[PDB]
$ cat entry.pdb   # PDB, C-alpha atoms
MODEL        1
ATOM      1  CA  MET A   1      97.113 114.227  96.634
ATOM      2  CA  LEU A   2      99.906 113.562  99.157
ATOM      3  CA  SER A   3      98.754 116.651 101.098
ATOM      4  CA  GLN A   4      99.973 115.425 104.511
ATOM      5  CA  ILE A   5     101.126 112.123 106.040
ATOM      6  CA  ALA A   6      99.226 110.549 108.958
ATOM      7  CA  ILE A   7     101.445 108.919 111.589
ATOM      8  CA  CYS A   8     100.285 107.391 114.888
ATOM      9  CA  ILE A   9     102.942 106.608 117.510
ATOM     10  CA  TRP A  10     102.482 104.517 120.645
ATOM     11  CA  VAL A  11     104.680 105.587 123.553
ATOM     12  CA  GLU A  12     104.035 105.908 127.300
ATOM     13  CA  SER A  13     107.040 108.244 127.682
ATOM     14  CA  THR A  14     106.462 111.845 126.530
ATOM     15  CA  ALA A  15     110.205 112.304 125.947
ATOM     16  CA  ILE A  16     110.111 109.310 123.587
ATOM     17  CA  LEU A  17     106.864 110.633 122.092
ATOM     18  CA  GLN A  18     108.401 114.091 121.565
ATOM     19  CA  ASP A  19     111.641 112.578 120.226
ATOM     20  CA  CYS A  20     109.743 110.337 117.787
ATOM     21  CA  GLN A  21     107.521 113.238 116.695
ATOM     22  CA  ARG A  22     110.488 115.644 116.741
ATOM     23  CA  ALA A  23     112.053 113.759 113.832
ATOM     24  CA  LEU A  24     108.625 113.475 112.175
ATOM     25  CA  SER A  25     107.857 117.216 112.454
ATOM     26  CA  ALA A  26     107.598 117.930 108.702
ATOM     27  CA  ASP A  27     104.769 120.427 108.048
ATOM     28  CA  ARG A  28     103.003 117.497 106.333
ATOM     29  CA  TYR A  29     103.104 115.141 109.343
ATOM     30  CA  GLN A  30     100.011 114.406 111.434
ATOM     31  CA  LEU A  31     101.356 112.689 114.551
ATOM     32  CA  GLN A  32      98.851 111.049 116.917
ATOM     33  CA  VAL A  33     100.019 110.051 120.408
ATOM     34  CA  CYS A  34      98.472 107.004 122.089
ATOM     35  CA  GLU A  35      98.795 106.874 125.904
ATOM     36  CA  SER A  36      98.244 103.089 125.784
ATOM     37  CA  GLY A  37      98.571 100.313 123.179
ATOM     38  CA  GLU A  38      94.858  99.599 123.121
ATOM     39  CA  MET A  39      94.177 103.269 122.435
ATOM     40  CA  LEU A  40      96.463 102.957 119.400
ATOM     41  CA  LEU A  41      94.299 100.119 118.024
ATOM     42  CA  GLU A  42      91.160 102.284 118.294
ATOM     43  CA  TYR A  43      92.898 104.982 116.239
ATOM     44  CA  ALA A  44      93.968 102.548 113.485
ATOM     45  CA  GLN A  45      90.700 100.593 113.783
ATOM     46  CA  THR A  46      89.149 103.449 111.784
ATOM     47  CA  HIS A  47      92.144 104.766 109.815
ATOM     48  CA  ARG A  48      94.255 101.682 108.910
ATOM     49  CA  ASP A  49      94.446 102.971 105.341
ATOM     50  CA  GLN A  50      94.438 106.584 106.567
ATOM     51  CA  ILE A  51      97.554 105.978 108.700
ATOM     52  CA  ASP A  52     100.730 106.654 106.690
ATOM     53  CA  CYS A  53     103.237 105.393 109.311
ATOM     54  CA  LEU A  54     102.936 103.779 112.779
ATOM     55  CA  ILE A  55     105.638 104.279 115.451
ATOM     56  CA  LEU A  56     106.195 101.661 118.171
ATOM     57  CA  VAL A  57     108.586 101.157 121.094
ATOM     58  CA  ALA A  58     109.744  97.575 121.728
ATOM     59  CA  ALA A  59     110.739  98.791 125.210
ATOM     60  CA  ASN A  60     107.096  98.041 126.103
ATOM     61  CA  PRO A  61     106.171  94.666 127.610
ATOM     62  CA  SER A  62     102.901  93.605 125.927
ATOM     63  CA  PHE A  63     103.776  95.882 122.985
ATOM     64  CA  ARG A  64     104.148  92.735 120.849
ATOM     65  CA  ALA A  65     100.580  91.848 121.851
ATOM     66  CA  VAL A  66      99.335  95.297 120.788
ATOM     67  CA  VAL A  67     101.116  95.032 117.417
ATOM     68  CA  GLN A  68      99.524  91.601 116.880
ATOM     69  CA  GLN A  69      96.114  93.248 117.373
ATOM     70  CA  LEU A  70      96.850  95.624 114.465
ATOM     71  CA  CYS A  71      97.793  92.641 112.279
ATOM     72  CA  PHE A  72      94.794  90.725 113.676
ATOM     73  CA  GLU A  73      92.332  93.484 112.704
ATOM     74  CA  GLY A  74      94.141  93.620 109.351
ATOM     75  CA  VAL A  75      95.613  97.058 110.126
ATOM     76  CA  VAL A  76      98.968  96.994 108.292
ATOM     77  CA  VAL A  77     101.065 100.168 107.902
ATOM     78  CA  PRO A  78     104.661 101.244 107.394
ATOM     79  CA  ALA A  79     105.527 100.888 111.076
ATOM     80  CA  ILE A  80     108.962 101.866 112.434
ATOM     81  CA  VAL A  81     110.132  99.973 115.560
ATOM     82  CA  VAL A  82     112.473 101.400 118.240
ATOM     83  CA  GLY A  83     114.531  99.633 120.936
ATOM     84  CA  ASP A  84     116.176  97.208 118.486
ATOM     85  CA  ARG A  85     119.766  95.910 118.673
ATOM     86  CA  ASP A  86     122.094  94.156 116.218
ATOM     87  CA  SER A  87     122.844  91.395 118.749
ATOM     88  CA  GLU A  88     122.805  88.067 116.877
ATOM     89  CA  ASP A  89     122.343  86.226 120.195
ATOM     90  CA  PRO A  90     119.111  84.216 120.452
ATOM     91  CA  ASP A  91     118.688  85.536 124.001
ATOM     92  CA  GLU A  92     116.847  88.547 122.498
ATOM     93  CA  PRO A  93     114.689  87.429 119.561
ATOM     94  CA  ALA A  94     114.432  91.008 118.228
ATOM     95  CA  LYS A  95     113.216  90.035 114.735
ATOM     96  CA  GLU A  96     110.525  91.550 112.488
ATOM     97  CA  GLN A  97     108.067  89.330 114.392
ATOM     98  CA  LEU A  98     107.171  92.474 116.380
ATOM     99  CA  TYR A  99     105.004  93.570 113.451
ATOM    100  CA  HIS A 100     104.761  92.873 109.680
ATOM    101  CA  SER A 101     107.815  92.351 107.432
ATOM    102  CA  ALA A 102     107.536  95.964 106.191
ATOM    103  CA  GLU A 103     108.230  97.436 109.644
ATOM    104  CA  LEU A 104     111.527  99.358 109.885
ATOM    105  CA  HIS A 105     113.775  99.502 112.966
ATOM    106  CA  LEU A 106     115.217 102.678 114.515
ATOM    107  CA  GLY A 107     118.030 102.959 117.085
ATOM    108  CA  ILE A 108     116.929 104.273 120.494
ATOM    109  CA  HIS A 109     119.654 106.951 120.396
ATOM    110  CA  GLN A 110     118.923 107.565 116.693
ATOM    111  CA  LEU A 111     115.592 109.331 117.231
ATOM    112  CA  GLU A 112     115.633 111.558 114.137
ATOM    113  CA  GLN A 113     115.648 109.095 111.213
ATOM    114  CA  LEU A 114     111.871 108.639 111.635
ATOM    115  CA  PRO A 115     111.184 111.063 108.762
ATOM    116  CA  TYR A 116     113.754 109.512 106.413
ATOM    117  CA  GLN A 117     112.645 106.159 107.868
ATOM    118  CA  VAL A 118     108.982 107.079 107.296
ATOM    119  CA  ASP A 119     109.663 107.833 103.618
ATOM    120  CA  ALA A 120     111.570 104.531 103.403
ATOM    121  CA  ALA A 121     108.989 102.654 105.498
ATOM    122  CA  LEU A 122     106.318 103.894 103.075
ATOM    123  CA  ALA A 123     108.109 102.552  99.981
ATOM    124  CA  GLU A 124     108.936  99.322 101.842
ATOM    125  CA  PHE A 125     105.256  98.941 102.782
ATOM    126  CA  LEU A 126     104.097  99.223  99.147
ATOM    127  CA  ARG A 127     106.694  96.838  97.687
ATOM    128  CA  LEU A 128     105.912  94.327 100.467
ATOM    129  CA  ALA A 129     102.139  94.838 100.039
ATOM    130  CA  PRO A 130     100.250  92.935 100.757
ATOM    131  CA  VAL A 131     102.617  92.743 103.737
ATOM    132  CA  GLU A 132     102.575  89.565 105.848
ATOM    133  CA  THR A 133     101.267  90.595 109.290
ATOM    134  CA  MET A 134     101.970  87.315 111.115
ATOM    135  CA  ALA A 135     101.334  89.148 114.415
TER     136      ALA A 135
ENDMDL
END
$ encode --input "entry.pdb" --output "C-alpha cells"
Amino acid sequence: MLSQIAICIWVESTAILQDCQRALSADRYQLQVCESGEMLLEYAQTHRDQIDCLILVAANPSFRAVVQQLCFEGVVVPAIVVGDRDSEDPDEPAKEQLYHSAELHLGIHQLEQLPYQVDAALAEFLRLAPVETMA
C-alpha cells in the first residue's frame, strides 16, 4: 500500500528546491515544487491526506503566514523546516511555531537528511496525531 510517498516542497530558489528534492529522490518520492507559498496551499488544499511530507524554508518572509494557512485549512503533514539554528537567544524565536509540533527541522547545509528526516517526520506525525497546528 505504501507504493510511493507524496512530498510537496515550497521554495523560490531552484538550487534549494533541487537540494531538498535531491535528498528526497527515492524512486518512491513524488516531489511537487511550489513557486509561491499560496500555490503550495492549493496543492495541499486537495491532497492534505495525500501529502506524505511537506518541505518548507524559514528563509522566506511570510513563510510563517503560508504555514499558518495549511494549519488554518486543517492541512497537517509531516513537514520538515529548513533555515533553523540552535541559538537559544530570544532574538530569533525559531521554535516549532513555524508549523505544527510534528514538523522536523533540517540544517541549511545539511540538505540530504530530508529522506531520513521524511521517514522520521512521518512517524513523528502519527505519534503526534492529531498534531496541534497552532499556526
$ closest_atom_pairs --input "entry.pdb" --of "stretch 42-92 of chain A" --to "stretch 112-131 of chain A" --cutoff "12 Å" --atoms "all atoms listed in the file" --output "tab-separated table"
residue	atom	partner	partner_atom	distance
A:49	CA	A:125	CA	11.8
A:51	CA	A:122	CA	10.6
A:52	CA	A:122	CA	7.2
A:53	CA	A:118	CA	6.3
A:54	CA	A:118	CA	8.8
A:55	CA	A:114	CA	8.5
A:56	CA	A:114	CA	11.1
A:71	CA	A:131	CA	9.8
A:74	CA	A:131	CA	10.2
A:75	CA	A:131	CA	10.4
A:76	CA	A:131	CA	7.2
A:77	CA	A:125	CA	6.7
A:78	CA	A:121	CA	4.9
A:79	CA	A:121	CA	6.8
A:80	CA	A:121	CA	7.0
A:81	CA	A:114	CA	9.7
A:82	CA	A:114	CA	9.8
$ atom_distance --input "entry.pdb" --atom1 "atom CA of residue A:3" --atom2 "atom CA of residue A:41"
24.1 Å
$ closest_residue --input "entry.pdb" --among "A:28, A:85, A:64, A:47" --to "residue A:109" --atoms "only C-alpha atoms"
A:85
$ residues_around --input "entry.pdb" --residues "residue A:86" --least-positions-apart "3" --cutoff "12 Å" --atoms "only C-alpha atoms" --output "list in words"
residues 83, 89, 90, 92, 93, 94, 95, 105, 106 and 107 of chain A
$ residues_around --input "entry.pdb" --residues "residue A:67" --least-positions-apart "6" --cutoff "7 Å" --atoms "all atoms listed in the file" --output "list in words"
residues 98, 99 and 135 of chain A
$ atom_distance --input "entry.pdb" --atom1 "atom CA of residue A:66" --atom2 "atom CA of residue A:39"
9.6 Å
$ atom_distance --input "entry.pdb" --atom1 "atom CA of residue A:1" --atom2 "atom CA of residue A:34"
26.5 Å
$ resolve_selection --input "entry.pdb" --expression "the PyMOL selection byres ((chain A and resi 19) around 10)" --output "ChimeraX atom specification"
/A:13-18,20-25,108-112,114
$ closest_residue --input "entry.pdb" --among "A:96, A:35, A:73, A:27" --to "residue A:48" --atoms "only C-alpha atoms"
A:73
$ build_atoms --input "entry.pdb" --residues "stretch 44-68 of chain A" --atoms "N, CA, C and O atoms" --output "PDB file, keeping the file's coordinate frame"
ATOM      1  N   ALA A  44      93.790 103.244 114.793  1.00  0.00           N
ATOM      2  CA  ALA A  44      93.968 102.548 113.485  1.00  0.00           C
ATOM      3  C   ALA A  44      92.681 101.817 113.101  1.00  0.00           C
ATOM      4  O   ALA A  44      92.350 101.683 111.939  1.00  0.00           O
ATOM      5  N   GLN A  45      91.960 101.333 114.073  1.00  0.00           N
ATOM      6  CA  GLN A  45      90.700 100.593 113.783  1.00  0.00           C
ATOM      7  C   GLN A  45      89.800 101.380 112.830  1.00  0.00           C
ATOM      8  O   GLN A  45      88.906 100.830 112.218  1.00  0.00           O
ATOM      9  N   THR A  46      90.015 102.656 112.698  1.00  0.00           N
ATOM     10  CA  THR A  46      89.149 103.449 111.784  1.00  0.00           C
ATOM     11  C   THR A  46      90.002 104.293 110.837  1.00  0.00           C
ATOM     12  O   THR A  46      89.523 105.216 110.209  1.00  0.00           O
ATOM     13  N   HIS A  47      91.263 103.982 110.724  1.00  0.00           N
ATOM     14  CA  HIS A  47      92.144 104.766 109.815  1.00  0.00           C
ATOM     15  C   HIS A  47      93.290 103.887 109.295  1.00  0.00           C
ATOM     16  O   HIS A  47      94.294 104.384 108.818  1.00  0.00           O
ATOM     17  N   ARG A  48      93.154 102.581 109.389  1.00  0.00           N
ATOM     18  CA  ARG A  48      94.255 101.682 108.910  1.00  0.00           C
ATOM     19  C   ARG A  48      94.828 102.231 107.612  1.00  0.00           C
ATOM     20  O   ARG A  48      96.013 102.466 107.483  1.00  0.00           O
ATOM     21  N   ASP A  49      93.980 102.430 106.650  1.00  0.00           N
ATOM     22  CA  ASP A  49      94.446 102.971 105.341  1.00  0.00           C
ATOM     23  C   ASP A  49      94.825 104.443 105.499  1.00  0.00           C
ATOM     24  O   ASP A  49      95.725 104.940 104.852  1.00  0.00           O
ATOM     25  N   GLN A  50      94.135 105.141 106.357  1.00  0.00           N
ATOM     26  CA  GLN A  50      94.438 106.584 106.567  1.00  0.00           C
ATOM     27  C   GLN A  50      95.801 106.765 107.237  1.00  0.00           C
ATOM     28  O   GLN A  50      96.465 107.764 107.040  1.00  0.00           O
ATOM     29  N   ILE A  51      96.230 105.819 108.032  1.00  0.00           N
ATOM     30  CA  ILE A  51      97.554 105.978 108.700  1.00  0.00           C
ATOM     31  C   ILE A  51      98.676 105.831 107.670  1.00  0.00           C
ATOM     32  O   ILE A  51      98.688 104.912 106.871  1.00  0.00           O
ATOM     33  N   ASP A  52      99.616 106.735 107.673  1.00  0.00           N
ATOM     34  CA  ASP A  52     100.730 106.654 106.690  1.00  0.00           C
ATOM     35  C   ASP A  52     101.988 106.061 107.339  1.00  0.00           C
ATOM     36  O   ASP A  52     102.917 105.673 106.656  1.00  0.00           O
ATOM     37  N   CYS A  53     102.032 105.979 108.645  1.00  0.00           N
ATOM     38  CA  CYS A  53     103.237 105.393 109.311  1.00  0.00           C
ATOM     39  C   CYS A  53     102.990 105.202 110.812  1.00  0.00           C
ATOM     40  O   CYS A  53     102.644 106.132 111.514  1.00  0.00           O
ATOM     41  N   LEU A  54     103.167 104.004 111.318  1.00  0.00           N
ATOM     42  CA  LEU A  54     102.936 103.779 112.779  1.00  0.00           C
ATOM     43  C   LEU A  54     104.268 103.697 113.534  1.00  0.00           C
ATOM     44  O   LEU A  54     105.196 103.044 113.099  1.00  0.00           O
ATOM     45  N   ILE A  55     104.368 104.343 114.671  1.00  0.00           N
ATOM     46  CA  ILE A  55     105.638 104.279 115.451  1.00  0.00           C
ATOM     47  C   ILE A  55     105.438 103.411 116.691  1.00  0.00           C
ATOM     48  O   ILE A  55     104.454 103.539 117.395  1.00  0.00           O
ATOM     49  N   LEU A  56     106.353 102.528 116.970  1.00  0.00           N
ATOM     50  CA  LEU A  56     106.195 101.661 118.171  1.00  0.00           C
ATOM     51  C   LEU A  56     107.487 101.606 118.982  1.00  0.00           C
ATOM     52  O   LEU A  56     108.564 101.859 118.483  1.00  0.00           O
ATOM     53  N   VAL A  57     107.377 101.256 120.232  1.00  0.00           N
ATOM     54  CA  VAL A  57     108.586 101.157 121.094  1.00  0.00           C
ATOM     55  C   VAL A  57     108.677  99.744 121.669  1.00  0.00           C
ATOM     56  O   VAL A  57     107.898  99.358 122.518  1.00  0.00           O
ATOM     57  N   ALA A  58     109.614  98.965 121.211  1.00  0.00           N
ATOM     58  CA  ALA A  58     109.744  97.575 121.728  1.00  0.00           C
ATOM     59  C   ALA A  58     110.002  97.596 123.235  1.00  0.00           C
ATOM     60  O   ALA A  58     109.781  96.623 123.928  1.00  0.00           O
ATOM     61  N   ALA A  59     110.466  98.701 123.748  1.00  0.00           N
ATOM     62  CA  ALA A  59     110.739  98.791 125.210  1.00  0.00           C
ATOM     63  C   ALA A  59     109.494  98.388 126.006  1.00  0.00           C
ATOM     64  O   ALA A  59     109.570  98.057 127.172  1.00  0.00           O
ATOM     65  N   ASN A  60     108.348  98.419 125.385  1.00  0.00           N
ATOM     66  CA  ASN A  60     107.096  98.041 126.103  1.00  0.00           C
ATOM     67  C   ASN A  60     107.018  96.519 126.281  1.00  0.00           C
ATOM     68  O   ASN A  60     107.589  95.774 125.509  1.00  0.00           O
ATOM     69  N   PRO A  61     106.319  96.111 127.307  1.00  0.00           N
ATOM     70  CA  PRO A  61     106.171  94.666 127.610  1.00  0.00           C
ATOM     71  C   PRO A  61     105.183  93.989 126.654  1.00  0.00           C
ATOM     72  O   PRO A  61     105.565  93.223 125.790  1.00  0.00           O
ATOM     73  N   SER A  62     103.916  94.249 126.814  1.00  0.00           N
ATOM     74  CA  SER A  62     102.901  93.605 125.927  1.00  0.00           C
ATOM     75  C   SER A  62     102.871  94.281 124.556  1.00  0.00           C
ATOM     76  O   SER A  62     102.040  93.974 123.723  1.00  0.00           O
ATOM     77  N   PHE A  63     103.766  95.195 124.307  1.00  0.00           N
ATOM     78  CA  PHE A  63     103.776  95.882 122.985  1.00  0.00           C
ATOM     79  C   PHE A  63     103.609  94.858 121.858  1.00  0.00           C
ATOM     80  O   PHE A  63     102.825  95.051 120.949  1.00  0.00           O
ATOM     81  N   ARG A  64     104.311  93.761 121.917  1.00  0.00           N
ATOM     82  CA  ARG A  64     104.148  92.735 120.849  1.00  0.00           C
ATOM     83  C   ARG A  64     102.676  92.343 120.750  1.00  0.00           C
ATOM     84  O   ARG A  64     102.134  92.177 119.676  1.00  0.00           O
ATOM     85  N   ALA A  65     102.024  92.211 121.870  1.00  0.00           N
ATOM     86  CA  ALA A  65     100.580  91.848 121.851  1.00  0.00           C
ATOM     87  C   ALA A  65      99.783  92.947 121.148  1.00  0.00           C
ATOM     88  O   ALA A  65      98.921  92.680 120.334  1.00  0.00           O
ATOM     89  N   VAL A  66     100.071  94.184 121.449  1.00  0.00           N
ATOM     90  CA  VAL A  66      99.335  95.297 120.788  1.00  0.00           C
ATOM     91  C   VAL A  66      99.592  95.262 119.279  1.00  0.00           C
ATOM     92  O   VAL A  66      98.681  95.383 118.481  1.00  0.00           O
ATOM     93  N   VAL A  67     100.824  95.086 118.876  1.00  0.00           N
ATOM     94  CA  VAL A  67     101.116  95.032 117.417  1.00  0.00           C
ATOM     95  C   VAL A  67     100.344  93.873 116.782  1.00  0.00           C
ATOM     96  O   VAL A  67      99.817  93.992 115.694  1.00  0.00           O
ATOM     97  N   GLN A  68     100.269  92.751 117.454  1.00  0.00           N
ATOM     98  CA  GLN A  68      99.524  91.601 116.880  1.00  0.00           C
ATOM     99  C   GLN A  68      98.066  92.009 116.665  1.00  0.00           C
ATOM    100  O   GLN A  68      97.443  91.640 115.687  1.00  0.00           O
TER     101      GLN A  68
END
